[PDB]
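Consider the single chain below, provided in structure tokens and representing the form deposited in one PDB entry.
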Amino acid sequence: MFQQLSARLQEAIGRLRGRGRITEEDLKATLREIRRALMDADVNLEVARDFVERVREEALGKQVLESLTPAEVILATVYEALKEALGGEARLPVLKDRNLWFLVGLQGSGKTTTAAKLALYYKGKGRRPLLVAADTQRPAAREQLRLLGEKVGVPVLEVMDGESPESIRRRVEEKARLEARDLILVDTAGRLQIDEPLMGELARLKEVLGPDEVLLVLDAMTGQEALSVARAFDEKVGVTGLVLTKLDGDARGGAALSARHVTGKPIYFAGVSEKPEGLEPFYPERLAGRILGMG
């Protein structure tokens, strides 16, 4: 991911090197190509437009038309714009003595696998997590998490078919108290598409369990479609943060570049592989540099 956009941006900027001062026409042409590169990377249209306008403002604010090294000013301005579009500053969920987080998303988003990856990540951080398979309709879905969780050395509590939210709360609360778990991760039911029934169940489970965080897992490869899912989930359930999976997937990187603008939700973690340790915090600044070939 980002490979296509990265090459287009690096080319647009590099082609200005060693040519002395550039004309306003050169700047406009450059800004247009950047906007086009973003658009072709499935970046939201409004975001792409706002992006080039910000770079334009900041570039002129640095007298790019006067600079003898315009390529450097453009790189510096695009870098800041990329960093901000990607989230600005790295963000992570606030940890308290006791925490209960919800993992929501569609089937195939990597939600379940991410739930297990998240448990391992915080386990290595000194936390004592407890995984909860909350799909009261799909036993096989619950078994998938138990296997994934126990494999990483994390306990997993499976809900029973048709079990009520109140019953789930009780059992989870007990197991957490007995095993002294400080981080409860609830893996909610995942379906191929958004269906009112499931959304209602999620909303209800949220009311009874009262999670302090609701992480929405999204397949970054779905591009802008992911932002549509985010809106639906936020409007019907209420999310606090996002997790973009398959960032290593061969696809455009428009989702990550539009998330902040479109959803207003921070991207906490990123999925970079299938392996259990294929999850790491999302670093806006670091990603911005990688896209511009800064290493």
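Here the rigid core means the biggest group of C-alpha atoms that line up within 1.5 Å when the two forms are laid on top of each other. Start at 1 and count along the sequence shown; that's the residue number.
In what follows, reference is made to the form deposited in another entry, a form of this protein that is not presented.
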Which residue, chosen from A176, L209, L75, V214, moves its CA by 2 Å or more between the shown form and the other one under a rigid core superposition?
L75
By the 2 angstroms cut-off, has the C-alpha of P165 moved between the shown form and the other one once the rigid core is superposed?
no
Would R191 count as moving between the shown form and the other one, using a Cα shift of 2 angstroms or more after superposing the core as the test?
yes
Using a rigid core superposition, assess whether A270 undergoes a CA shift of 2 Å or more between the shown form and the other one.
no
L202 and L257: their C-alpha distance differs by 3 angstroms or more in that other deposited form. Do they come closer or move farther apart compared with the shown form?
closer
